[PDB]
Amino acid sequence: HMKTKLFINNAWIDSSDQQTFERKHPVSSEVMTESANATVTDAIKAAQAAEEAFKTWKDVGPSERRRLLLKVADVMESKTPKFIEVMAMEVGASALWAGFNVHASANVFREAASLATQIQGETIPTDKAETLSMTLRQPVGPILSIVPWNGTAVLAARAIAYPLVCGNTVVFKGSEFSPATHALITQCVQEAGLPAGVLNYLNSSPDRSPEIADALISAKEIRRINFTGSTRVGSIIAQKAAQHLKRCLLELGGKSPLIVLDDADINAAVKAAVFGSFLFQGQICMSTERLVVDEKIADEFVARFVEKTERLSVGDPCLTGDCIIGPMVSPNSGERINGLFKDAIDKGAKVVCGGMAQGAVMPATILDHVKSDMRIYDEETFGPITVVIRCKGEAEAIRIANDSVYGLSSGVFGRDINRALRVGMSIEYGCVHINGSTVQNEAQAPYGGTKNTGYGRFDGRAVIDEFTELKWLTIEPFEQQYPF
């Protein structure tokens, strides 16, 4: 099995207590990766390293930053087969999802690289004579980046590339389910030639995660925090950062809906539905978790959806290829889903395809006639399961979409685009896709949600404000008048 260490100051090291933790395969129990198990002591060492490196890193010019980041992308692409292999072992990712993760990661680093000269402020008019008024965008300092296991590569990449190009250094906290992959992405950054202490990598058993996080948030060195993960945990992180008045970029849960109006190209909508629902076993925060369909069209749409869905391949990508539905991440994922499943089913829901789960194994499942009294109506379910909510009319569609506690991604299918736009513009979502799937992300385009999905933004120009100080600076004449 793979062996993985901590990374501080361009050095791969054991934890301060020489202790390890394992990532076992969720169905076979076979050890996939053994990782160094960081302590709080290690975490503080990581922050101190980041702080120290910041002293010179903040002054590195745009040309060098761009060159370095561009190189990271090149290096990540050069390691593509390893990423595919490791992601398949650790998080049951098919070659499709793994390969995409790499492309997306490399592209994030290139987009970030491109932004090097684009982190700009403004020169602003002032009534004051002989005075320059302007804004500057400067580096912040050490950033705490906490990254989950699902968008295994790209979620790390985004949480490194962007703070780097903004002149910051980062303490990267990886996932207990993905330690080989996160060590690997780190290694890529190392081989691109990033200065020592600019990127520091930590991973731990989940029993240690909270206190390691608390120590870093409470650490004077850490200036801002980005967190990607469950709303449940996100609130707790933000509550801690509030005790120290620290800004958070929160990238949390979703219940991303596909709105299928009575007008929809049913062929096209089914395709978007099948894709968005079951890519990476619905373990994407923006996976299509709802299909809100007009009653006039529902029966027909559901029939086609079910036909395609049943035909989808189930299996283990580390054992065999062409798996659409790989295993889930943990021998627990099905336990949560089944609780949601039973509740829905006892309240009138209808299994139109699939069945319940067991550990990390589940067939592609669709529930029809889901209603607002069922937990699964709005509770996020990280798995190859999705729900159909039927509705009557454009207004009720908007209502149902807007009644979610989340607001990450969404899709609206309708042949009348003027109409689709009305609903598209009225719904409370960070991402709206007119006649598109709910699973999209481009680096030029801001990525984030509203409500329980959090706040702040990765990607696009918007990510810059997340990792910069905005300073209002004036240059004034020596002689000026004062009231007293």
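We number the residues from 1 along the sequence you see.
When the two stretches 32-40 and 449-457 are set side by side, the higher mean Cα temperature factor goes to 32-40.
Relative to one another, 394-402 and 334-342 have unequal mean CA B-factors, and 334-342 is the one with the higher figure. As recorded in the PDB entry, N267 shows the highest C-alpha B-factor of the residues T152, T288, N267, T231. Across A303, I160, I124, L194, the entry's maximum B-factor at the CA atom is seen for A303. When all modelled residues of the chain are sorted by CA temperature factor, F177 is found within the highest third. Among all modelled residues in its chain, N435 ranks in the lowest third by Cα B-factor. Residue-level temperature factors show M425 in the middle third of its chain, judged at the C-alpha atom. Ranked against the other modelled residues of its chain, the C-alpha B-factor of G407 as given in the entry falls in the middle third. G92: CA B factor lies in the middle third for its chain, per the PDB record.
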